[PDB]
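Residue numbers (the entry's author numbering), protein chains in the order written: chain C, 0 to 253, 255 to 348, 354 to 452; chain B, 0 to 348, 356 to 376, 378 to 452; chain C', 0 to 253, 255 to 348, 354 to 452; chain B', 0 to 348, 356 to 376, 378 to 452. A prime marks a further copy of an entry chain.
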Ligand SMILES: O=c1ccn([C@@H]2O[C@H](COP(=O)(O)O)[C@@H](O)[C@H]2O)c(=O)[nH]1
Ligand SMILES: O=c1ccn([C@@H]2O[C@H](COP(=O)(O)O)[C@@H](O)[C@H]2O)c(=O)[nH]1
Ligand SMILES: O=c1ccn([C@@H]2O[C@H](COP(=O)(O)O)[C@@H](O)[C@H]2O)c(=O)[nH]1
Ligand SMILES: O=c1ccn([C@@H]2O[C@H](COP(=O)(O)O)[C@@H](O)[C@H]2O)c(=O)[nH]1
Ligand SMILES: O=c1ccn([C@@H]2O[C@H](COP(=O)(O)O)[C@@H](O)[C@H]2O)c(=O)[nH]1
Ligand SMILES: O=c1ccn([C@@H]2O[C@H](COP(=O)(O)O)[C@@H](O)[C@H]2O)c(=O)[nH]1
Ligand SMILES: [Cl-]
Ligand SMILES: [Cl-]
């Protein structure tokens, strides 16, 4: 089995956009049509899909068979949140729970806090499924009841507290916080700093796409499903609209600055252009030589500083820098962090310099990755000598499908910046010519 | 076209029983059959039917057509409460309100208060339909959130306030208050004296029928829908178990005479006290009755009003008149419970309040002995108001009724002094010596 | 002696606007002139004044003598916050503390958290003076350092926590939170729900006058000094600008709704017009008869509900309703709250009905107040029988100077709504004619 | 027109003493006199003067004209650090920056980092002036906020990072790091290898002079302003106490030879180990030196670099060349500390790094015995690079210096094997038997 948050965190590495499936059509058949078409258009950029029962229940009996088809018409990788807003006495709630998880095969459900936790356990007892409790709602008359003071704090805050504490027995509980109220959104994140937030209101209702995000995002730069329903269904080109939102969201979250790094690579003469031939016979118009970094200790300290931001998220004992290029970089990083360095002697009863135990956790540091052929030689030489490779961290990801290769190889990977990300900056800084940019852009389409 | 309450008040003349339709069946077809059977057996004694959507929704596509079938199997005149607990943003809520009222043809719906008034407006705008907002729910986990304090009152008490106030624009807002908590029932009834409650908890959840009614009923003796679902579906004979409940509920509503809790309260409240008092009649008395101090015990003051209302229920009048000072706050308490306008003459121990000439009033006083009631009872009759009756809490059994009838004035008391004797022997409010002395004191008349 | 918060809470009952005195003038003499003129214009509506040392220190020696004159040119009732942003080692900080409190006679100072609490004690040790520590600053580059994560929360939050806990030894500490960042403002209020906030940024810097207030106001609807400096000094009519802000702030805080109450009074035929003569010989065009409320139990329950909002802020044992008009109202209130009622028999060995002990705390409930002549008869009859009068609460304050009379008499007072407040609503609702409004408005100018 | 650092580096050739001017005087006139007296006595040995505004601000109007007078009483060439700790919004900050630089004519100012870079920009835009940002302050309450963790490093360490990085646009950003905490001094020096520190805490606050310098000084032996204020104002003879400090500071900066902490680290780090090793010379040895494993101890690796830099200080070169593998990370550590570009030949046990023909390089290796150094030392000389010297950490005292001089190559070591003997006897890093065997092993040459 796999839980909702397993599936969701996977898509959260890519996007946070949740597609609201709210039919509104001539008939029940028409309703299915619109949705099917809305699924196929958006699925690449969609973190989640959210059918709201109301618009399906509108069509009566034909509407229920309609909801079930639309739910199965979702590719097996985008979690489906049923917006049903259930909440009744345990025994009645049970029937609602089986209907949503066993009959409709939804991965998550919306619910009301009002009837207490014993009304929510019937839904929360499913460890694989998620429950998003209503906290602060997007509607203007939410403050009518939710903004009442329960001594020191508002009611929704009291809800938030309970949602993270007494109720989150097995890490299932999410909260519904509305985008039209950024101030309330921020307060719930202060009360539930860990939880996931289902956030509607963007498009038809209000906005504050940025203000919302600055308010309720976690330390990880994740934990907000931004839901747009009517806004995409009334849109002209849903695929473009979906992409635009996905990107607009991703541009606000995260990198971090990347602008000063871009300069550093150019001030170090690392970026060079021509007809270079890599270890593949195939020629690239651009070559990045981070071996030059050695002649600029100040830039090298900056580079090491960028690596640290990535490496602050992994638990490890030692650093394994791969000579030549990476070894000075790895030395610099080692200095910023105060973590022991290790390095494989470039050859074919250890061939490994430094000091390692057996089964201590290392992170492989390399300069850049194009494909991953080099990254394998190293993982095999290191797991050889009895070391657990945590990940590989790199300054520049050349964007030749290096992540996916390594993932399917087993060990995961992360890069500080991508080649595609650096291009717009260099052009802006006049470091790269118009022809140089489009040449590189064209080269990356092959992959 | 004909309102949910129009229908209900008419059925409520004979029954307050709400037959619940939560079918636990093998298939959706069996569910309809199970419900059909249950409707045919019980309808003569049912005030309303309440199908809970969950159980029909269990069977998906066929299940929904089953819900529609069960609703249309209800005889015209019996209203149908759809228990669906709706609540979302206004735009979404419309689809829920249409579905319930226009497609399914339900007469009312249950709903959550959490999303505020604008979320309930799409339901409440249908004037002919009704909305029961969740207030204090039957489950024990109600205490977990509804019992948080919002200043001086509970959260559900604040929900009660909005329901009976800002939200009841179209006069069609009721409340779901569980039978398992009678303290809650009193407190919601205190905040909402006129609203209908939908009351679940009898049977499967083991609520108390007597305790719920006494705490929960309106002034008019008929503002509660007692819902029973599994208690009837599990019964070997639904028609007889519906009859037994319908009767039991009725005998409690229409019961005439004062309660043990009233009789006890009075002694605790010290409105009736024992001492060695000597009267203007020169003869001494072991007991004195002072309802002046009733103003310090607001909960007792509610009880008193409810007890006055029981009597006042059988009269026809436009307004109530309270006599200052002792009976002004008492009258005000009644005036709240019944929702009838009040009136008072000044300079007692002009007339404020709106009154027209020929209005029918009932005069409220605290006590009647023998002498001072007949004097102020006429400063009102002078203004052209019609005294229907003089109603009092305690009659000292000193020939007031007789004396006032001779003067052509109608009279009635809630409890007589003799009647209190067994009522507070039933709760040990009074000792046997204390009984003997009161009994012997009365023997002189 | 009197503390800063004593003086400030006094003005906070009226306004929250803080006037920034930031000279910017030809000479030091010119600087004094501008400020003197800016003081006289704004003082009625000003909660606080804030000279920022920089603009005075600009003028050197003549600038220091200038600062001191401007500080004394502030009427003895508006607290003066020196924006100096001090913070050094204890021994050096001492000199700065004496310079601000003993030499310049400022009531409060701004300071930096950076050097720890031992650098702030030299300022906090003055129990009469206040200290506003920098938390989240209004400048765009505030996030550069303040928005760093100290595990789970931001740096300014860590500051906020310390400001309310370890540092607030004698209730002196305030926080400087900027108006241009409403989201950060809300988070600091979640970390310091009790503290006072000095809030600049409105006018020249940004805005969000409302968004700011919805974020950082306490449960009491107070605890934010909104500071405008350059915005008022560049303004054409400072007195009008000051009033406009003061009102715009006060209209957002608080009443509460008041709109449904207005209707209720009209639906109850309580508001009547003519040539009425009150217990004073002087004639009023308007008479409000709340004795009619008795014929509308539903409205009476609403009226009682309004009184409760006021009465939720006082600690008391019993309620003393004054017959006739107030006794039914008091009965209704008694019912909403479950508090024992007491009433003085309308006459001249108690003459008081109910049940009271000796020295239990009562609140006098009356219908409306015009002057206060009646409110005295009652306070004297009640303190006679051995009762501590907490306050008097009223539905309608007729606005004939009733508050000030009673205050100077000793017992304080509060009203649910003022006559001036009800007028605009009734006109909007068409309940009052144009001539009726202007007649009443004209009548209230006498007072 | 002439930069604060231009002035300082020139004074720093003879002194690192900063004379502080915090007058505790009866009147403002006495303050000027007190300060004047203090300037005249100390200027010959003062690198900078630092008046703290607080004490001048104490006397209000006259006090400010006193500050201006004291500043203008400083001889031209000696720079003046105004300790005012400024920081507000940019628009306000301008008035503070003008006041300091243009009115008062100070050459640098101290400032808080709390308000971010845009708040410091109004100061930092004056290229000729300098800004000392508060980093780790002298007071014990520094630990209270500056020592909070921001991921993996302290808050002050993050301040250090920004100061030496994003903020030092005009090359005029220094740091205030207190003398009372040498651990902090090392850690800030680690993050900012090139920045000047303003160092308070000597005297009144009882900082350690030796501990502060060793931890705090740059590679060039001259990147610290040692501030003393009350320690000199209270002194009976300022001129002599300034001289005593100026000398003491200098003897520590210019001290030649390896440290006890270096010698000890090596043994702990296990770079020098004792066993029963047998060499290629066939004769056995009780000690072996391997600096390959230096990569696991980054703090030691810093020490090593600082020690290399002490030697390299007296040479003239453009770049440093590191020999892989043992000496590549070592060279990189030096390259960081000194801020000089590095170079390395490949295929060791082409040349990467930018180099032009005729560049002057210093070759860095870990160790020298006798044989393999002379071979790769020429793959560089071949590329047209000029080998100024071959510098090494440990000399085994086996006639390397002599042998290399014969080949016309300049050579130097940080510590010799003989020299280590008393250095780690001074910390018990080695036993007397362990000394005897090493001593006897050397006697063979
Ligand atoms: O607090 C909430 C919870 C859920 N939704 C649901 O999210 C969708 C709003 O998206 P849109 O159509 O306004 O863009 C609707 O289906 C609505 O029912 C809200 O808008 N606010
Ligand atoms: O533009 C490039 C392409 C490749 N490499 C070298 O290629 C090796 C990584 O190859 P791989 O991980 O893609 O197989 C890196 O260590 C790097 O030194 C570069 O330096 N620049
Ligand atoms: O606060 C409430 C609201 C609704 N119900 C409904 O009552 C019906 C069950 O009644 P019974 O099984 O106790 O007879 C169920 O549909 C349940 O949802 C409650 O019990 N308590
Ligand atoms: O975080 C802060 C702290 C203080 N101030 C001060 O408040 C005033 C800003 O008002 P204004 O001129 O921008 O309207 C200035 O004196 C400024 O120094 C800020 O703007 N932001
Ligand atoms: O327009 C008015 C003016 C006065 N009063 C009566 O005046 C008394 C209060 O007078 P005082 O408190 O201003 O002296 C109140 O109890 C109230 O009953 C009114 O009812 N309506
Ligand atoms: O982190 C700091 C920053 C500045 N000072 C300044 O040092 C001067 C006092 O030096 P002394 O009395 O210890 O010699 C004072 O002006 C004080 O403000 C410190 O001691 N520590
Ligand atoms: Cl390489
Ligand atoms: Cl009156």
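All C-beta atoms, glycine included, are put in the ideal place defined by N, C-alpha and C.
Top-ranked residue by Cα proximity to residue i, from the options
i	options	result
residue 210 of chain B	B:252, B:451, B:444 and B:71	B:252
residue 319 of chain C	C:64, C:333 and C:325	C:333
residue 117 of chain C	C:167, C:323 and C:69	C:167
residue 298 of chain C'	B:263, B:336 and B:260	B:336
residue 88 of chain B	C:228, C:217, C:43 and C:37	C:228
residue 114 of chain C	C:86, C:172 and C:121	C:86
residue 51 of chain B	B:18, B:44, B:450 and B:39	B:18
residue 377 of chain C	C:122, C:11, C:361 and C:414	C:414
Cross-strand partners of residue i (DSSP beta bridge)
i	result
residue 135 of chain C	C:176
residue 49 of chain B	B:19
residue 402 of chain C'	C':374 and C':423
residue 4 of chain B	According to DSSP, residue 4 of chain B bridges with nothing at all.
residue 82 of chain B'	B':51
Closer than 7 Å: residue i CB and nearest ligand 1 heavy atom
i	result
residue 88 of chain B	yes
residue 301 of chain C'	no
Backbone CA spacing between residue i and residue j [nearest angstrom]
i	j	result
residue 90 of chain C'	residue 137 of chain B'	12 Å
residue 63 of chain C'	residue 35 of chain C'	16 Å
residue 342 of chain C	residue 419 of chain C	19 Å
residue 352 of chain B'	residue 284 of chain B'	Here residue 352 of chain B' is not present, the numbering of chain B' passing from 348 to 356 in one jump.
residue 32 of chain B'	residue 73 of chain C'	36 Å
residue 365 of chain C'	residue 396 of chain C'	13 Å
Any non-hydrogen atom of ligand 6 closer than 7 Å to residue i Cβ
i	result
residue 204 of chain B'	yes
residue 215 of chain B'	no
Heavy atom of ligand 8 within 7 Å of residue i beta-carbon
i	result
residue 409 of chain C'	no
beta-carbon residue i near ligand 7 non-hydrogen atom, thresh 7 Å
i	result
residue 343 of chain C	no
residue 324 of chain C	yes
Residue i: CB within 7 Å of a non-hydrogen atom of ligand 2
i	result
residue 380 of chain C	yes
Residue i beta carbon near ligand 3 (any heavy atom closer than 7 Å)
i	result
residue 41 of chain B	no
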